[PDB]
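Structure file query-v2.txt with compact mmCIF, C-alpha atoms:
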# COMPACT_ATOMS: atom_id res chain seq x y z
CA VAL Z 7 49.88 -25.71 22.37
CA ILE Z 8 47.01 -26.25 24.80
CA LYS Z 9 47.37 -23.29 27.16
CA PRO Z 10 45.79 -23.05 30.63
CA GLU Z 11 43.18 -20.60 29.27
CA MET Z 12 41.63 -21.43 25.89
CA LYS Z 13 38.92 -19.45 24.13
CA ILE Z 14 36.06 -21.26 22.39
CA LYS Z 15 33.96 -20.45 19.34
CA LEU Z 16 31.20 -22.80 18.22
CA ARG Z 17 28.30 -23.02 15.81
CA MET Z 18 25.41 -25.48 16.13
CA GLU Z 19 23.07 -26.08 13.20
CA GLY Z 20 20.17 -28.43 13.66
CA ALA Z 21 16.49 -29.24 13.83
CA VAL Z 22 14.22 -30.70 16.52
CA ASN Z 23 10.76 -32.06 15.68
CA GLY Z 24 11.18 -30.20 12.39
CA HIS Z 25 11.87 -26.80 13.96
CA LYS Z 26 15.18 -25.73 12.42
CA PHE Z 27 17.57 -23.62 14.45
CA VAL Z 28 21.07 -22.18 14.67
CA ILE Z 29 23.04 -21.30 17.82
CA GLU Z 30 26.32 -19.42 17.83
CA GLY Z 31 28.55 -19.53 20.87
CA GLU Z 32 31.70 -18.00 22.30
CA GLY Z 33 33.38 -18.45 25.64
CA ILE Z 34 36.44 -19.50 27.60
CA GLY Z 35 37.57 -22.68 29.30
CA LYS Z 36 40.33 -24.06 31.49
CA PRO Z 37 41.51 -27.35 29.92
CA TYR Z 38 43.67 -28.51 32.82
CA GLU Z 39 41.10 -27.56 35.45
CA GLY Z 40 38.46 -29.37 33.38
CA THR Z 41 36.14 -26.37 33.25
CA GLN Z 42 34.50 -24.10 30.72
CA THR Z 43 31.83 -21.45 30.21
CA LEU Z 44 29.99 -20.54 27.01
CA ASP Z 45 27.69 -17.72 25.91
CA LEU Z 46 25.11 -19.13 23.48
CA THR Z 47 22.86 -17.09 21.20
CA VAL Z 48 19.95 -18.34 19.10
CA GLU Z 49 20.45 -16.85 15.63
CA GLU Z 50 17.79 -18.86 13.78
CA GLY Z 51 14.55 -20.44 14.96
CA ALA Z 52 13.92 -18.24 17.99
CA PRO Z 53 12.02 -18.81 20.23
CA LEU Z 54 13.06 -22.46 20.55
CA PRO Z 55 9.85 -24.51 21.05
CA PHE Z 56 11.74 -27.29 22.86
CA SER Z 57 13.60 -27.59 26.14
CA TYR Z 58 17.08 -26.09 25.90
CA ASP Z 59 18.55 -28.81 28.11
CA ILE Z 60 18.54 -31.44 25.35
CA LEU Z 61 21.13 -29.22 23.62
CA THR Z 62 23.47 -28.43 26.51
CA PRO Z 63 25.57 -31.66 26.50
CA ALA Z 64 26.27 -31.05 22.79
CA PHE Z 65 28.17 -27.78 23.20
CA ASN Z 70 34.46 -30.91 24.31
CA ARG Z 71 36.44 -33.32 26.50
CA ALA Z 72 39.66 -31.34 26.10
CA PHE Z 73 38.24 -29.54 29.16
CA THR Z 74 38.51 -32.59 31.42
CA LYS Z 75 40.85 -32.70 34.41
CA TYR Z 76 42.85 -35.88 33.77
CA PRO Z 77 45.29 -37.39 36.29
CA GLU Z 78 48.91 -37.93 35.31
CA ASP Z 79 48.35 -41.72 35.24
CA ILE Z 80 45.58 -41.63 32.63
CA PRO Z 81 46.28 -40.76 28.96
CA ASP Z 82 44.34 -37.67 27.90
CA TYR Z 83 42.99 -38.85 24.55
CA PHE Z 84 41.54 -35.37 23.95
CA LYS Z 85 44.49 -33.04 24.59
CA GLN Z 86 46.84 -35.31 22.62
CA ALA Z 87 44.59 -34.95 19.56
CA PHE Z 88 45.61 -31.30 19.12
CA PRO Z 89 46.43 -29.05 17.34
CA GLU Z 90 44.85 -31.23 14.62
CA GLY Z 91 41.64 -31.77 16.59
CA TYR Z 92 39.09 -34.56 16.88
CA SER Z 93 35.42 -35.33 16.35
CA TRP Z 94 32.64 -37.11 18.20
CA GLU Z 95 29.34 -38.72 17.22
CA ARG Z 96 26.62 -38.92 19.87
CA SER Z 97 23.26 -40.70 20.04
CA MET Z 98 20.85 -39.77 22.84
CA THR Z 99 17.82 -42.03 23.24
CA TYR Z 100 15.17 -40.71 25.61
CA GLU Z 101 12.77 -42.88 27.58
CA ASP Z 102 9.70 -41.66 25.65
CA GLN Z 103 11.36 -42.79 22.36
CA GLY Z 104 12.44 -39.25 21.51
CA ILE Z 105 15.82 -39.58 19.83
CA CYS Z 106 18.67 -37.17 19.05
CA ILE Z 107 21.78 -37.51 16.90
CA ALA Z 108 24.61 -35.00 17.20
CA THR Z 109 28.08 -34.66 15.69
CA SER Z 110 30.89 -32.24 16.55
CA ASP Z 111 34.09 -31.50 14.65
CA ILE Z 112 36.60 -29.80 16.93
CA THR Z 113 39.63 -27.92 15.62
CA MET Z 114 41.94 -25.28 17.10
CA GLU Z 115 43.70 -22.20 15.69
CA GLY Z 116 45.91 -20.52 18.29
CA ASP Z 117 44.25 -19.89 21.65
CA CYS Z 118 40.81 -20.79 20.31
CA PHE Z 119 39.01 -24.09 19.97
CA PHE Z 120 36.41 -24.24 17.20
CA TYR Z 121 33.32 -26.46 17.21
CA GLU Z 122 31.17 -27.29 14.19
CA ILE Z 123 28.07 -29.00 15.62
CA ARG Z 124 25.12 -30.69 13.94
CA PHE Z 125 22.11 -31.58 16.09
CA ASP Z 126 18.92 -33.38 15.10
CA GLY Z 127 16.04 -34.62 17.22
CA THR Z 128 12.71 -36.30 16.52
CA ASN Z 129 9.80 -38.33 17.90
CA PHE Z 130 9.47 -36.12 20.98
CA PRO Z 131 5.81 -36.43 22.08
CA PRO Z 132 4.28 -32.95 21.64
CA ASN Z 133 2.92 -33.24 25.20
CA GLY Z 134 6.18 -34.65 26.57
CA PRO Z 135 8.48 -32.66 28.82
CA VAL Z 136 10.72 -31.63 25.93
CA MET Z 137 8.18 -29.90 23.68
CA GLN Z 138 6.36 -28.70 26.82
CA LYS Z 139 9.50 -27.03 28.26
CA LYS Z 140 9.28 -28.85 31.59
CA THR Z 141 12.94 -29.74 32.22
CA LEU Z 142 15.09 -28.12 34.91
CA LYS Z 143 18.69 -29.39 34.94
CA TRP Z 144 20.88 -32.33 34.00
CA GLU Z 145 21.70 -34.55 36.95
CA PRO Z 146 25.44 -34.88 37.66
CA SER Z 147 26.65 -37.93 35.78
CA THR Z 148 29.63 -40.19 35.15
CA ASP Z 149 30.77 -41.24 31.68
CA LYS Z 150 32.18 -44.75 31.25
CA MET Z 151 34.99 -44.40 28.69
CA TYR Z 152 36.45 -47.47 26.99
CA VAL Z 153 38.63 -48.14 23.96
CA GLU Z 154 37.02 -50.34 21.33
CA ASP Z 155 37.85 -51.13 17.71
CA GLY Z 156 40.64 -48.55 17.75
CA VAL Z 157 38.36 -45.63 18.70
CA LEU Z 158 37.25 -44.24 22.03
CA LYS Z 159 33.67 -44.67 23.23
CA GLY Z 160 31.72 -43.16 26.09
CA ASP Z 161 28.45 -44.51 27.48
CA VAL Z 162 26.31 -42.92 30.17
CA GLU Z 163 22.80 -42.84 31.60
CA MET Z 164 21.55 -39.26 31.89
CA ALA Z 165 18.61 -37.93 33.90
CA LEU Z 166 16.83 -34.61 33.43
CA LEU Z 167 14.99 -33.34 36.50
CA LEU Z 168 11.41 -32.42 35.65
CA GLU Z 169 8.75 -30.01 36.79
CA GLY Z 170 6.94 -32.22 39.29
CA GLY Z 171 9.97 -34.06 40.69
CA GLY Z 172 10.24 -36.92 38.21
CA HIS Z 173 13.35 -37.89 36.26
CA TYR Z 174 13.29 -38.06 32.45
CA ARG Z 175 15.92 -40.66 31.59
CA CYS Z 176 18.16 -40.93 28.53
CA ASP Z 177 20.97 -43.11 27.17
CA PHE Z 178 24.04 -41.40 25.69
CA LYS Z 179 26.41 -43.33 23.42
CA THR Z 180 29.38 -41.41 21.99
CA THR Z 181 32.18 -42.37 19.60
CA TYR Z 182 35.32 -40.21 19.73
CA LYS Z 183 37.83 -40.20 16.87
CA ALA Z 184 41.04 -38.14 16.89
CA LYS Z 185 42.56 -36.72 13.70
CA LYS Z 186 45.85 -38.56 14.42
CA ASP Z 187 47.02 -41.63 16.30
CA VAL Z 188 47.40 -40.95 20.03
CA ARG Z 189 47.92 -42.91 23.25
CA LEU Z 190 44.70 -44.86 23.76
CA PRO Z 191 43.76 -44.74 27.46
CA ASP Z 192 42.50 -47.69 29.48
CA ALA Z 193 38.85 -47.81 30.52
CA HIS Z 194 38.21 -44.86 32.84
CA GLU Z 195 35.33 -42.66 34.00
CA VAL Z 196 34.71 -38.92 33.67
CA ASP Z 197 32.46 -37.32 36.28
CA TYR Z 198 30.83 -34.23 34.80
CA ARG Z 199 28.17 -31.65 35.57
CA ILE Z 200 26.50 -29.13 33.26
CA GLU Z 201 24.68 -26.04 34.55
CA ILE Z 202 22.80 -23.15 32.96
CA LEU Z 203 24.16 -20.28 35.04
CA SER Z 204 21.82 -17.71 33.49
CA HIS Z 205 19.35 -17.43 30.63
CA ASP Z 206 16.78 -15.03 29.25
CA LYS Z 207 13.06 -15.82 29.07
CA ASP Z 208 13.08 -17.91 25.89
CA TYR Z 209 16.70 -19.12 26.26
CA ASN Z 210 17.73 -16.88 23.36
CA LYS Z 211 20.81 -16.09 25.46
CA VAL Z 212 22.30 -18.78 27.70
CA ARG Z 213 25.42 -18.84 29.87
CA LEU Z 214 26.40 -22.50 30.19
CA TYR Z 215 29.01 -23.86 32.60
CA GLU Z 216 30.59 -27.33 32.54
CA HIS Z 217 32.88 -29.07 35.02
CA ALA Z 218 34.41 -32.48 34.28
CA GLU Z 219 37.08 -34.63 35.94
CA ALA Z 220 38.51 -38.00 34.89
CA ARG Z 221 39.43 -40.91 37.16
Show the structure stored in the file as structure tokens.
Amino acid sequence: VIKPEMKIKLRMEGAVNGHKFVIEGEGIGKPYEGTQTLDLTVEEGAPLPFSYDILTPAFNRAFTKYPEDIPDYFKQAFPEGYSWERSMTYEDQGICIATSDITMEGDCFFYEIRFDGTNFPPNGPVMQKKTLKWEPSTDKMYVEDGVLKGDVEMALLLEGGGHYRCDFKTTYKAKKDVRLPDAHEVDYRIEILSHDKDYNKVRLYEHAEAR
């Protein structure tokens, strides 16, 4: 079912501070190593007037190295798939809502992603393209009301050395009943390996591990 090497195709539709945009993506990931890499192309809205980083955590926990003594809520959900709903509240009251539906058809995961963001101060780091990278983080995962949830504090590094903080709250729902895991934590790291001037092309690498 879930082979060691799984291709990925994804499409993100959305809008940030009104600016509407579309990003297609294709890549490959190692589910059992907890790794993946995506090539991401802006099809609509180029050049993006906002920092690309606010989008990177939105492009799948199937690619999460899980120990044998934790239930993998995300690999069990297949081949049917699962979905997640994420709210990301930034410290300057900029707010984003994203939602991903994740299916699979063979050796290929498929993501349908919606992304919306608003109230980003036009002179804030987002609309002024002043972010650098997401700081390595850990996601506190806990079962609640029969669905999985993941909370985390995220920190973008800024031009100037400061840290632009954000609160991520995610609700994961599988398309069938699976073994609910206890409360655990997923350490993950997201990197932009390469990108062209206006981030119209982005190679994005993610590494995650549960514990």
Between CA of residue 124 in chain Z and CA of residue 164 in chain Z, distance in Å (one decimal):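 Result for CA of residue 124 in chain Z versus CA of residue 164 in chain Z: 20.2 Å, one decimal.
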Minimum-distance residue to residue 154 in chain Z, chosen among Z:205, Z:183, Z:9, Z:175 (using all atoms listed in the file):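 Using all atoms listed in the file, residue 154 in chain Z sits closest to Z:183.
With only C-alpha atoms as the atoms that count, the minimum distance from residue 192 in chain Z to the choices Z:65, Z:58, Z:152, Z:174 is reached by Z:152.
Using all atoms listed in the file for every distance, the candidate list Z:215, Z:83, Z:125, Z:209 yields Z:83 as the residue closest to residue 151 in chain Z.
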Protein, DNA and RNA residues within 7 Å of (43.7, -27.5, 20.9), only C-alpha atoms, as a PyMOL selection string: chain Z and resi 7-8+85+88-89+91+113-114+119
Nearest residue to residue 52 in chain Z from the set Z:208, Z:155, Z:78, Z:145 (distances using only C-alpha atoms): Z:208
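Nearest-residue note for residue 135 in chain Z: choosing from Z:104, Z:51, Z:191, Z:156, the minimum distance belongs to Z:104, counting only C-alpha atoms.
Of the listed residues (Z:190, Z:218, Z:98, Z:176), Z:218 comes nearest to residue 70 in chain Z; the distances count all atoms listed in the file.
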Gap from CA of residue 184 in chain Z to CA of residue 96 in chain Z - Å, one decimal: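 Value for the CA of residue 184 in chain Z-CA of residue 96 in chain Z distance: 14.7 Å.
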Atomic distance CA of residue 63 in chain Z - CA of residue 144 in chain Z, expressed in Å with one decimal: 8.9 Å
Spatial neighbours of residue 177 in chain Z, 12 Å, all atoms listed in the file, chain gap at least 4 places, as an NGL selection string: :Z and (96-107 or 147 or 149 or 160-166)
Neighbours of point (25.7, -27.3, 24.4) within 12 Å, using only C-alpha atoms, written as a ChimeraX atom specification: /Z:15-19,28-33,42-48,58-65,70,108-110,121-125,144,200-202,212-216
6 Å contact set for residue 182 in chain Z, all atoms listed in the file, chain neighbours under 4 positions out, as a VMD selection string: chain Z and resid 93 to 94 158 to 159
